[PDB]
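What follows is a single structure, written as structure tokens, with notes after it.
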Amino acid sequence: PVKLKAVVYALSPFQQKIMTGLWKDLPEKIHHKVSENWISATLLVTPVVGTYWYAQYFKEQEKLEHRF
Amino acid sequence: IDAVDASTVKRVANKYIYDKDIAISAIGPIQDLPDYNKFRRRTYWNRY
């Protein structure tokens, strides 16, 4: 058991609004999500999208060259 | 005082105790004290 010194104040769940906080400070929420995760999103989408479009391009060149 | 019979106690208790909000003030080694939701739930019995 860890020895902990702290003071905690809590409010009853029936004395606060439960759902309005979902849409509070939304521009901050969208800004934080993008600004911290854009590199992560790029590292995940770019190789799957780059490989896919290359394969489509290759199949188009391979099909056309086999024609007459 | 004599007017407070068993039916009176149950009526008053249902007005002030049953499924009511509570206030808690604790100090010391109180990590094992149940949280607010546990005390809140123990204000009613679901078997009745």
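Each chain in the structure tokens gets a letter, A, B and so on, in the order shown; residues start at 1 in every chain, and ligands are counted from 1 in the order they appear.
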Write out as a PDB file with C-alpha atoms, in the first residue's frame every residue belonging to chain A that has an atom at most 12 Å from any atom of chain B, counting only C-alpha atoms.
```pdb
ATOM      1  CA  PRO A   1       0.000   0.000   0.000  1.00  0.00           C
ATOM      2  CA  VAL A   2       1.330   3.370  -1.139  1.00  0.00           C
ATOM      3  CA  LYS A   3       1.293   6.282   1.303  1.00  0.00           C
ATOM      4  CA  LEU A   4      -0.611   9.130  -0.359  1.00  0.00           C
ATOM      5  CA  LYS A   5      -1.316  12.665   0.874  1.00  0.00           C
ATOM      6  CA  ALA A   6      -4.062  14.456  -1.054  1.00  0.00           C
ATOM      7  CA  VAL A   7      -7.395  16.247  -0.760  1.00  0.00           C
ATOM      8  CA  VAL A   8     -10.237  15.282  -3.105  1.00  0.00           C
ATOM      9  CA  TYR A   9     -13.507  17.172  -3.498  1.00  0.00           C
ATOM     10  CA  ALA A  10     -16.260  15.415  -5.441  1.00  0.00           C
ATOM     11  CA  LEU A  11     -19.783  16.353  -6.513  1.00  0.00           C
ATOM     12  CA  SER A  12     -22.821  14.086  -6.678  1.00  0.00           C
ATOM     13  CA  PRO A  13     -23.592  12.747 -10.187  1.00  0.00           C
ATOM     14  CA  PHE A  14     -27.154  14.065  -9.816  1.00  0.00           C
ATOM     15  CA  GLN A  15     -25.946  17.659  -9.305  1.00  0.00           C
TER      16      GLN A  15
END
```
Filtered DSSP result for chain A, state alpha helix (DSSP H), as a PDB file with N, CA and C atoms, in the first residue's frame:
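Output file states14.pdb follows:
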```pdb
ATOM      1  N   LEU A  26     -15.350  22.387 -28.558  1.00  0.00           N
ATOM      2  CA  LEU A  26     -15.153  21.526 -29.719  1.00  0.00           C
ATOM      3  C   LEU A  26     -13.997  21.971 -30.615  1.00  0.00           C
ATOM      4  N   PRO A  27     -13.856  23.266 -30.944  1.00  0.00           N
ATOM      5  CA  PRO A  27     -12.704  23.668 -31.768  1.00  0.00           C
ATOM      6  C   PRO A  27     -11.368  23.312 -31.145  1.00  0.00           C
ATOM      7  N   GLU A  28     -11.241  23.442 -29.823  1.00  0.00           N
ATOM      8  CA  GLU A  28     -10.044  22.949 -29.154  1.00  0.00           C
ATOM      9  C   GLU A  28      -9.898  21.446 -29.337  1.00  0.00           C
ATOM     10  N   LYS A  29     -11.000  20.706 -29.198  1.00  0.00           N
ATOM     11  CA  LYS A  29     -10.926  19.255 -29.301  1.00  0.00           C
ATOM     12  C   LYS A  29     -10.491  18.822 -30.694  1.00  0.00           C
ATOM     13  N   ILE A  30     -11.037  19.461 -31.729  1.00  0.00           N
ATOM     14  CA  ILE A  30     -10.638  19.134 -33.096  1.00  0.00           C
ATOM     15  C   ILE A  30      -9.207  19.586 -33.359  1.00  0.00           C
ATOM     16  N   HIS A  31      -8.833  20.758 -32.840  1.00  0.00           N
ATOM     17  CA  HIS A  31      -7.474  21.258 -33.034  1.00  0.00           C
ATOM     18  C   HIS A  31      -6.448  20.349 -32.373  1.00  0.00           C
ATOM     19  N   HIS A  32      -6.714  19.928 -31.134  1.00  0.00           N
ATOM     20  CA  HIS A  32      -5.786  19.052 -30.428  1.00  0.00           C
ATOM     21  C   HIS A  32      -5.624  17.723 -31.148  1.00  0.00           C
ATOM     22  N   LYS A  33      -6.728  17.148 -31.624  1.00  0.00           N
ATOM     23  CA  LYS A  33      -6.642  15.855 -32.289  1.00  0.00           C
ATOM     24  C   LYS A  33      -5.793  15.939 -33.551  1.00  0.00           C
ATOM     25  N   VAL A  34      -6.010  16.967 -34.370  1.00  0.00           N
ATOM     26  CA  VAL A  34      -5.247  17.097 -35.606  1.00  0.00           C
ATOM     27  C   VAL A  34      -3.787  17.414 -35.307  1.00  0.00           C
ATOM     28  N   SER A  35      -3.544  18.395 -34.435  1.00  0.00           N
ATOM     29  CA  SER A  35      -2.188  18.902 -34.253  1.00  0.00           C
ATOM     30  C   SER A  35      -1.255  17.867 -33.639  1.00  0.00           C
ATOM     31  N   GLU A  36      -1.782  16.926 -32.855  1.00  0.00           N
ATOM     32  CA  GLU A  36      -0.931  15.896 -32.272  1.00  0.00           C
ATOM     33  C   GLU A  36      -0.837  14.644 -33.129  1.00  0.00           C
ATOM     34  N   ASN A  37      -1.813  14.389 -33.997  1.00  0.00           N
ATOM     35  CA  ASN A  37      -1.899  13.107 -34.679  1.00  0.00           C
ATOM     36  C   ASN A  37      -1.746  13.178 -36.189  1.00  0.00           C
ATOM     37  N   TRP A  38      -1.351  14.320 -36.754  1.00  0.00           N
ATOM     38  CA  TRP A  38      -1.247  14.387 -38.207  1.00  0.00           C
ATOM     39  C   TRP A  38      -0.061  13.584 -38.729  1.00  0.00           C
ATOM     40  N   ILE A  39       1.056  13.564 -37.999  1.00  0.00           N
ATOM     41  CA  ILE A  39       2.190  12.738 -38.412  1.00  0.00           C
ATOM     42  C   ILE A  39       1.823  11.263 -38.338  1.00  0.00           C
ATOM     43  N   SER A  40       1.124  10.869 -37.272  1.00  0.00           N
ATOM     44  CA  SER A  40       0.675   9.488 -37.145  1.00  0.00           C
ATOM     45  C   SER A  40      -0.278   9.121 -38.273  1.00  0.00           C
ATOM     46  N   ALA A  41      -1.179  10.039 -38.626  1.00  0.00           N
ATOM     47  CA  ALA A  41      -2.121   9.783 -39.711  1.00  0.00           C
ATOM     48  C   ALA A  41      -1.406   9.684 -41.051  1.00  0.00           C
ATOM     49  N   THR A  42      -0.367  10.497 -41.246  1.00  0.00           N
ATOM     50  CA  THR A  42       0.396  10.456 -42.489  1.00  0.00           C
ATOM     51  C   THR A  42       1.184   9.160 -42.610  1.00  0.00           C
ATOM     52  N   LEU A  43       1.802   8.720 -41.514  1.00  0.00           N
ATOM     53  CA  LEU A  43       2.612   7.510 -41.562  1.00  0.00           C
ATOM     54  C   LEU A  43       1.772   6.262 -41.789  1.00  0.00           C
ATOM     55  N   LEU A  44       0.461   6.342 -41.563  1.00  0.00           N
ATOM     56  CA  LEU A  44      -0.437   5.211 -41.754  1.00  0.00           C
ATOM     57  C   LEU A  44      -1.123   5.232 -43.114  1.00  0.00           C
ATOM     58  N   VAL A  45      -1.445   6.420 -43.624  1.00  0.00           N
ATOM     59  CA  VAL A  45      -2.222   6.509 -44.854  1.00  0.00           C
ATOM     60  C   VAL A  45      -1.314   6.538 -46.081  1.00  0.00           C
ATOM     61  N   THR A  46      -0.177   7.229 -45.998  1.00  0.00           N
ATOM     62  CA  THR A  46       0.672   7.398 -47.178  1.00  0.00           C
ATOM     63  C   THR A  46       1.184   6.081 -47.757  1.00  0.00           C
ATOM     64  N   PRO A  47       1.718   5.130 -46.977  1.00  0.00           N
ATOM     65  CA  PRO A  47       2.187   3.882 -47.610  1.00  0.00           C
ATOM     66  C   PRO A  47       1.073   3.002 -48.157  1.00  0.00           C
ATOM     67  N   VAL A  48      -0.116   3.015 -47.550  1.00  0.00           N
ATOM     68  CA  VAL A  48      -1.211   2.205 -48.079  1.00  0.00           C
ATOM     69  C   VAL A  48      -1.788   2.847 -49.336  1.00  0.00           C
ATOM     70  N   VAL A  49      -1.786   4.181 -49.393  1.00  0.00           N
ATOM     71  CA  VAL A  49      -2.323   4.880 -50.554  1.00  0.00           C
ATOM     72  C   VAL A  49      -1.293   4.919 -51.677  1.00  0.00           C
ATOM     73  N   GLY A  50      -0.018   5.091 -51.329  1.00  0.00           N
ATOM     74  CA  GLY A  50       1.017   5.101 -52.350  1.00  0.00           C
ATOM     75  C   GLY A  50       1.164   3.758 -53.036  1.00  0.00           C
ATOM     76  N   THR A  51       1.100   2.677 -52.258  1.00  0.00           N
ATOM     77  CA  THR A  51       1.186   1.336 -52.826  1.00  0.00           C
ATOM     78  C   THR A  51      -0.032   1.014 -53.684  1.00  0.00           C
ATOM     79  N   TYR A  52      -1.215   1.457 -53.258  1.00  0.00           N
ATOM     80  CA  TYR A  52      -2.430   1.130 -53.994  1.00  0.00           C
ATOM     81  C   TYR A  52      -2.451   1.812 -55.355  1.00  0.00           C
ATOM     82  N   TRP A  53      -2.129   3.105 -55.391  1.00  0.00           N
ATOM     83  CA  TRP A  53      -2.169   3.836 -56.652  1.00  0.00           C
ATOM     84  C   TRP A  53      -1.063   3.381 -57.588  1.00  0.00           C
ATOM     85  N   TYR A  54       0.072   2.953 -57.035  1.00  0.00           N
ATOM     86  CA  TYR A  54       1.120   2.406 -57.885  1.00  0.00           C
ATOM     87  C   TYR A  54       0.659   1.118 -58.553  1.00  0.00           C
ATOM     88  N   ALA A  55       0.016   0.227 -57.795  1.00  0.00           N
ATOM     89  CA  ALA A  55      -0.445  -1.025 -58.383  1.00  0.00           C
ATOM     90  C   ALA A  55      -1.484  -0.772 -59.469  1.00  0.00           C
ATOM     91  N   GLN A  56      -2.397   0.177 -59.242  1.00  0.00           N
ATOM     92  CA  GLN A  56      -3.369   0.525 -60.275  1.00  0.00           C
ATOM     93  C   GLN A  56      -2.683   1.086 -61.512  1.00  0.00           C
ATOM     94  N   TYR A  57      -1.668   1.929 -61.315  1.00  0.00           N
ATOM     95  CA  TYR A  57      -0.922   2.477 -62.442  1.00  0.00           C
ATOM     96  C   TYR A  57      -0.186   1.385 -63.204  1.00  0.00           C
ATOM     97  N   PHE A  58       0.409   0.438 -62.477  1.00  0.00           N
ATOM     98  CA  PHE A  58       1.130  -0.660 -63.112  1.00  0.00           C
ATOM     99  C   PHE A  58       0.192  -1.531 -63.938  1.00  0.00           C
ATOM    100  N   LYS A  59      -0.984  -1.847 -63.392  1.00  0.00           N
ATOM    101  CA  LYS A  59      -1.937  -2.687 -64.107  1.00  0.00           C
ATOM    102  C   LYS A  59      -2.452  -1.995 -65.361  1.00  0.00           C
ATOM    103  N   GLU A  60      -2.578  -0.667 -65.316  1.00  0.00           N
ATOM    104  CA  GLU A  60      -3.013   0.077 -66.492  1.00  0.00           C
ATOM    105  C   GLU A  60      -1.950   0.070 -67.582  1.00  0.00           C
ATOM    106  N   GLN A  61      -0.678   0.210 -67.203  1.00  0.00           N
ATOM    107  CA  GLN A  61       0.388   0.157 -68.198  1.00  0.00           C
ATOM    108  C   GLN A  61       0.561  -1.254 -68.742  1.00  0.00           C
ATOM    109  N   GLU A  62       0.421  -2.263 -67.879  1.00  0.00           N
ATOM    110  CA  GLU A  62       0.590  -3.641 -68.325  1.00  0.00           C
ATOM    111  C   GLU A  62      -0.533  -4.062 -69.261  1.00  0.00           C
ATOM    112  N   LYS A  63      -1.753  -3.598 -68.995  1.00  0.00           N
ATOM    113  CA  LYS A  63      -2.878  -3.910 -69.867  1.00  0.00           C
ATOM    114  C   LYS A  63      -2.726  -3.245 -71.228  1.00  0.00           C
ATOM    115  N   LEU A  64      -2.377  -1.956 -71.243  1.00  0.00           N
ATOM    116  CA  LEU A  64      -2.306  -1.218 -72.502  1.00  0.00           C
ATOM    117  C   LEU A  64      -1.198  -1.748 -73.405  1.00  0.00           C
ATOM    118  N   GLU A  65      -0.044  -2.089 -72.832  1.00  0.00           N
ATOM    119  CA  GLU A  65       1.080  -2.576 -73.625  1.00  0.00           C
ATOM    120  C   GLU A  65       0.802  -3.928 -74.273  1.00  0.00           C
TER     121      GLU A  65
END
```
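Atom CA of residue 3 of chain B to atom CA of residue 15 of chain B spans 17.3 Å [interatomic distance, one decimal].
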